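As a plain string of letters, each chain reads:
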Amino acid sequence: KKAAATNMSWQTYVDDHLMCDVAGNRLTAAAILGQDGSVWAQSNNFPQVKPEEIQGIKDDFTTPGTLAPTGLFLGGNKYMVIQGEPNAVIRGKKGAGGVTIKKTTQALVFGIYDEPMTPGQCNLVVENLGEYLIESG
């Protein structure tokens, strides 16, 4: 019955809650884009995402398996699609690194890790914060 749904600043969500130091290491880069493709907040070194890349990501959330055969692209870098959560989470691999994308009510959470950060740690900070944004909208 209690909405009570507040909203911190977008950059503080990325600066404090996405690049937060986890077990000594942090994400390589992170960003939060609205589902329209607009960049609402991004890290200092997050790559510029092409709309054709954004268009495909929405297409695999609505239809899992779209980006899997061809691969997932972010700013010219190719990420191999790995086990993700249908319609909610897309996960990728690029060598010792990878990427986790969490779908929200109206936005998209991006998180990019490299060595030595583990894929589960990137999945941790992305899905949980995205799950919190799911709870609030």
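Conventions used here
- Residues numbered from 1 in each chain as written, not as in the entry; some residues may be left out.
- Heavy atoms only, no water.
- Residues with missing side-chain atoms left out of burial classes, pairs and counts.
- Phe/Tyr/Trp six-rings, centres within 6.5 Å; stacked < 30°, edge-to-face > 60°.
- Helix = DSSP H or I, 4+ residues; strand = E, 2+ residues; numbered from the N terminus.
- Buried < 20%, exposed > 50% of the residue type's maximum accessible area, 1.4 Å probe, protein only.

Undergrad: It is not clear to me how the packing of aromatic side chains should be interpreted in this structure. Could you clarify?
TA: To describe a pair of aromatic rings, you give the distance between the ring centres and the angle between the ring planes. The final tally for this structure, using the stated rule, is 3 aromatic pairs. Measuring from ring centre to ring centre gives 5.8 Å for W10 and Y13, while their planes differ by 55°; the resulting arrangement is tilted. Here the residue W10 and the residue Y13 both occupy positions in helix α1 (residues 10-17), the gap between them amounting to 3 residues, near one helical turn. By relative accessible area, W10 is classed as partly exposed at 34%. When its relative accessible area of 7% is taken as the criterion, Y13 is described as buried. Their ring planes at 40° and their centres at 5.4 Å tell us that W10 and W40 sit as a pair that is tilted. Here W40 lies in strand β2 (residues 39-42) and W10 lies in helix α1, a separation of 30 residues in the sequence. Residue class for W40 comes out partly exposed when judged on its relative accessible area of 36%. By way of ring pairs, the aromatic residues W10, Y13 and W40 are connected into one cluster.

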